[PDB]
Structure formats: structure tokens, C-alpha cells
Amino acid sequence: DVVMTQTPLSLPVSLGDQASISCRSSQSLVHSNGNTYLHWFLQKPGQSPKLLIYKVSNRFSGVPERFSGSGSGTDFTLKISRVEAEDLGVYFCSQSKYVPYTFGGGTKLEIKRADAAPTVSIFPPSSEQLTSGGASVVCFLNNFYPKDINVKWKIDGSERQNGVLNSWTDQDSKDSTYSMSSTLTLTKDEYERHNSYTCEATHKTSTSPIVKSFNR
Amino acid sequence: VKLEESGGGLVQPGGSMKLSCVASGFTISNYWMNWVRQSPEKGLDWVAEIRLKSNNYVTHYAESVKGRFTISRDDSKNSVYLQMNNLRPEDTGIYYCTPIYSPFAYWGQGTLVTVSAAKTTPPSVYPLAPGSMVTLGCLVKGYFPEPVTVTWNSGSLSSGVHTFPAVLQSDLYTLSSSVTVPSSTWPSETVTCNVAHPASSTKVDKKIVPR
Ligand SMILES: CCCCC/C=C\C\C=C/C=C/C=C/[C@@H](SC[C@H](NC(=O)CC[C@H](N)C(=O)O)C(=O)NCC(=O)O)[C@@H](O)CCCC(=O)O
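Reading the values: rules and limits
Residues numbered from 1 in each chain as written, not as in the entry; some residues may be left out. Chains lettered and ligands numbered in written order. Heavy atoms only, no water. Pairing = 2+ DSSP bridges. Helix = DSSP H or I, 4+ residues; strand = E, 2+ residues; numbered from the N terminus. Axes fitted to C-alpha atoms, helices over the stretch in contact; angles between N-to-C directions. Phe/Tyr/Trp six-rings, centres within 6.5 Å; stacked < 30°, edge-to-face > 60°. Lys NZ or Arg CZ within 6 Å of the ring centre and 35° of its normal. Domains from an automatic or database assignment. Contact = heavy atoms within 4.5 Å. Buried area = accessible area lost by both parts, 1.4 Å probe. Salt bridge = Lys/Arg side-chain N within 4 Å of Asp/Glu carboxyl O. Polar contact = N/O pair within 3.5 Å; in protein donor to acceptor, adjacent residues only side chain to side chain. Nonpolar A, V, L, I, M, F, W, Y, C, P; charged D, E, K, R; others polar. Core = buried A, V, L, I, M, F, W, Y, C linked by side-chain atoms within 4.5 Å. Buried < 20%, exposed > 50% of the residue type's maximum accessible area, 1.4 Å probe, protein only.

**A word on the sheet that holds strand 9 (residues 93-99) of chain B**
All names here are of chain B. In spatial order, the strands read 2-10-9-4-5-6; together these 6 strands make up an open sheet with mixed pairing. Whereas interior strands pair on both sides, the edge strands pair on one side only; in this sheet they are strand 2 (9-11) and strand 6 (59-61). Averaged over all pairs of adjacent strands, the angle between their axes in this sheet comes to 25°, without regard to strand direction. Bridge count for strand 4 (residues 33-39) against strand 9 is 6 bridges, and the pairing is antiparallel. Residue pairing across strands places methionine 33 opposite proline 99, the latter belonging to strand 9.

**What about the packing of aromatic side chains?**
Inspection of the entire model under this criterion finds 20 aromatic pairs over all chains. Ring geometry for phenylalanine 123 of chain A against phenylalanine 140 of chain A: centres 5.6 Å apart, planes inclined by 75°, an arrangement best described as edge-to-face. Remark: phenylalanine 140 of chain A occurs in strand 13 (residues 134-144) and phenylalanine 123 of chain A occurs in strand 12 (residues 119-123); sequence separation between them is 17 residues. An angle of 70° between the planes, with centres 5.9 Å apart, marks the rings of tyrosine 31 of chain B and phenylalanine 104 of chain B as edge-to-face. In this pair, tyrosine 31 of chain B is assigned in the loop between strand 3 (17-24) and strand 4 and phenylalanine 104 of chain B in the loop between strand 9 and strand 10 (111-115), connecting sequence segments 73 residues apart. Connected via pairs of aromatic rings, a cluster forms that spans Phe41 and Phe103 of chain A together with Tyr96 and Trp107 of chain B. The ring of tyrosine 191 of chain A is capped by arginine 216 of chain A, whose NZ or CZ atom sits 5.9 Å from the centre of that ring.

**Quick look at the domain arrangement of chain B**
Residues and elements named next belong to chain B. Taken domain by domain, chain B holds domain 1 (1-117) and domain 2 (118-211). Measuring from the centre of the C-alpha atoms in domain 1 to the corresponding centre in domain 2 gives 32 Å. At the junction of the two partners, domain 1 supplies 5 residues and domain 2 supplies 6 residues. Of the roughly 410 Å² buried between domain 1 and domain 2 on both sides combined, carbon and sulfur atoms contribute 62%. Counting across the domain 1 and domain 2 interface gives 0 salt bridges. Where domain 1 packs against domain 2, one counts 1 residue pair in polar contact. When grouped by side-chain class, the residues that make up the side of domain 1 that touches domain 2 number 3 nonpolar, 2 polar and no charged.

**A word on the nonpolar core**
Judged by nonpolar contacts, the single largest core of 66 residues is most densely connected at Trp40 of chain A together with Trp35 and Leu82 of chain B. Counting residues per element, this core draws most heavily on strand 5 (residues 43-50) of chain B, which supplies 5 residues. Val137, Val151, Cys199 and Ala201 of chain A belong to the second largest nonpolar core, which has 22 residues in total.

**Some points on the sheet that holds strand 8 (residues 75-80) of chain A**
Residues and elements named next belong to chain A. The 4 strands are arranged 1-3-8-7 in an open sheet whose pairing can be described as antiparallel. The open sheet has two free edges, formed respectively by strand 1 (4-7) and strand 7 (67-72), since each of these has just one partner strand. Direction aside, neighbouring strands of the sheet carry axes that sit 20° apart on average. Note: strand 3 (residues 19-25) against strand 8, 6 bridges, orientation antiparallel. Along strand 8, the bridge assignment pairs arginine 24 with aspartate 75.

**Describing the interface of chain A and chain B**
Listed as interface residues are 35 residues of chain A and, on the opposing side, 40 residues of chain B. Of the roughly 3100 Å² buried between chain A and chain B, counting both surfaces, carbon and sulfur atoms make up 65%. Looking only at chain A, the three residues that lose the most surface to chain B are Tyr101, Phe103 and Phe123 of chain A, adding up to 19% of its buried area. A salt bridge links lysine 206 of chain B to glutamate 128 of chain A, with the nearest nitrogen and oxygen atoms 2.9 Å apart. Summed over the shared surface of chain A and chain B, the result is 11 residue pairs in polar contact. Elements with a minimum of two residues in the side of chain A that touches chain B: strand 4 (38-43), strand 12, helix 1 (127-132), strand 13, strand 16 (164-168) and strand 17 (178-187) of chain A. Sort the elements by how many residues they give to the side of chain A that touches chain B and strand 13 of chain A lands first, with 5 residues.

**What about the domain arrangement of chain A?**
Residue and element names in this part refer to chain A. One can read the domain layout of chain A as domain 1 (1-113) and domain 2 (114-216). Taken over C-alpha atoms, the centre of domain 1 sits 37 Å from the centre of domain 2. Taken together, the 10 residues of domain 1 in the interface contact 13 residues of domain 2. When domain 1 packs against domain 2, close to 980 Å² is buried across both sides, 44% of that on carbon and sulfur atoms. Together, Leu88, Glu110 and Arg113 form the three largest contributors to the area buried by domain 1 at its contact with domain 2, with a combined 64%. Taken together, the links from domain 1 to domain 2 amount to 0 salt bridges. In this assembly, domain 1 and domain 2 are joined by 3 residue pairs in polar contact. Here the residues of the side of domain 1 that touches domain 2 are counted per class, giving 5 nonpolar, no polar and 5 charged.

Here is the structure:
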């Protein structure tokens, strides 16, 4: 099978700047007929992949001129000029000269924006969950930038690592921020063995972590 | 102009499932039709192709699905199909159909195929109320399979909402959603999260009340 390799794996780019994505194929994608069967797809978060450029450089319908493709043989480049917020997502190269058709692993375009501190909210288990025997403590960490963040759960001053389920969003198309949900799930018994619950967020926007807590 | 996939769902390993892909606003009879699947672990994975009546309906398959999957077309119904037999857990993923070398080379919204022995389980829906802006939430726990749909005030409340990607630990999914509104909005006005889990025929409304 033809291997498709993309670099870089992720690409932060400021609004209005140009982005360049590289795709390398293990075999030449030039057919006997003269066409080069290399294509670029974009998959925005929550969406299906969409065709951007077919046969190296041809824009598919509805694709603006700020998107352009180039290259030959086994080396190709997608250039996004004047990057817009709405251009975030994962860019895939693909070949259709040989069966099986194969895809690159994707390159994620991240839009640089001003740093933003996470808005942090913590929630005790609902009465309803408690009745059923479960006890989840939920912490939302919303609209932050850059994406890297670290969340620590503390119970009575002690860090708990087990029972934690975290979910991270993709970058938001509208404001270029990120959000995160952290749930510490205990049983009703374990939760009632303790009173003090703390969600602790480490992010570049603050030298000391953001701390949200409650006492049971 | 659109492509619409259907036929997916939860199916036990060794099982069988038939996907449909129906086109609107154009005729598929003129274009090579492809199935492609997506998973977090493998990314985009080409599955099968069927060419034209004029190509003698020649087909091609990925090696991983040969002998098990069958791609077919019915131009008279403007549709392509994927019959899948002896399904494996690794066949799990979102399945798309697309015309290639075509003005109408769109992928549609896809159909989710879940191949697992795990049983269908309804979600528990728990309201998240606080102990200038106020953040409220809804915890949707212990369901299977995907998907669920979560909205707030039947979708009227869209700004300031974060619905997080479902997380699968073992055989149960957990999802949460948060909504942030001005302190003057709640609890003076109603804020209710609506959760739908078609697979278990579940619809739940949780009004967020103080305390
Ligand atoms: C499932 C995974 C598969 C991976 C991807 C596979 C295939 C590529 C996918 C889609 C191709 C879509 C092509 C659409 C062509 S119509 C099809 C196009 N025909 C042409 O003549 C190409 C255009 C010409 N080379 C040019 O750009 O000047 C073509 O590709 N012909 C076949 C050939 O040249 O060999 C036009 O309708 C574009 C419309 C442009 C517009 O409206 O502005």
C-alpha cells in the first residue's frame, strides 16, 4: 500500500498568516494518463471530511482562493493563505492512483489567539445521583487558550488520581478557545468519607493554579 | 445535492449489517462510488469502491474486509450499499459514502457502526447546579451505545454551551454539558437540558433548580 506521511502533526498559525502543510507519498502518484491523483480533505470538528483540492492544485466547488495546492511526484504542499478562524480542523492528503486508496494521518491546524484563562466551575453530586449510590464531582474548565492545561483533584488536601474521567474539546471555530470537563466519580460511601473537594487548574495564564472547591 | 447514509447501529461481533447510501439532486449512475470509514485509532480508512455499469460494475475492497463485505449499487434507486458480514469489533467506526471524480463528491453525515457485545443501556441524567455569569450543567452517565443528543431549552440556548465529547470507559459512555448564562437569567428564567438516547428509546428533560 502507498504510505502517505504528513508533517507537521499540528500547526499553530496566527490569523491572517499563511499555513503550509506537507504530504509525502511512498510511491509516485503520477498516472500514465498525465494526471497526479493527490487530493486534500479538511475535517472541521463535528463535521464530515470535505474535499478541498483534487489532483494537486484544483479547488473543489466553493473552496476559496486562499487555499492552494502544489507539488509533484511524491511531494506535495497545501498552502492556506490569510488563515481564518473557520479554517481550523484536520487536513488530510490522499492518493487515488493505486488501490487501496490511502490517506495521510492528518495535520491539525490550530489558530493562535490571545491567551485566555479558563473559567472554572465545580459541582457536587446531584441529590438524584446520591440516591442511586453514585457520587460524581464535576469540574468544567471553559474557554481557555493555549490548549495545554493540567487538572488536579484534591480530596481533603490529598491528590486523587483514580476515578477521574476527562474530556477535552477540539478548538472552537468561533473564538479559537478550548474547554475541558473533569469528573471524579466516587460511590456514595467514598464521597461521604470526605468533606473537602477541590478542582485545581494549572495553565500558562496564571503563575499559581486556579482553585475551585466546596466542602460537603 | 446530498448523500445520506443509514443502516448503522449496534451489532454483536460475528453479526451482519447493511448500510445504505442514497443520493439526492444528482444521479449516482455516472460516478464511481466509495465507502470510507473513520475511527480515532485508524483515522480515515477506505473500505470499498464500485464503478459504473459501463465498467461492468467492477468492485474493489480493502484487504481487511475482503470475503466479508460486499459493495453494491442500484442506480434505479440512486443508491449504493455495503453488506457487512462476520463483523469484527475493529470494524467499528463512522461510515461515509462519496462519489469520486465528480462535481458531487460530498461525504454526507455518515452512519455510526458499533460492533460490540456490550448491551444497550439508557443514560442516567443528573442536573448540575452550583453549590455575574452562572454556569449550570448536565451529567449524562452510564449509557451505551453512542450517540446521545444534548440540548438546552430545546435548542434555544446555544451560545455559551459546551457539550463535551463522550468518553468510553470499558463498556459505558459518559458525557457532560455545561451552559453559562448571566446571573440575572437564572434562576429567574428556566434552564433545562434535554437528553435523547435513541438506542434505548430514551428522552429526558432535567430542569436545573437551585441548591
Ligand atoms: C474515497 C477516497 C477517494 C480519494 C479521492 C478520490 C477522488 C477525488 C475526489 C473528487 C474529485 C472531484 C472532482 C470534481 C470535478 S469533475 C472530475 C474531474 N474531471 C476533470 O476534468 C478534472 C478537472 C481538470 N483536471 C482541471 O481541474 O482543470 C476528475 O477528477 N476527473 C478524473 C481524472 O482526471 O482522472 C469538478 O466537478 C470540480 C468542480 C469545480 C468547480 O465547480 O468550481
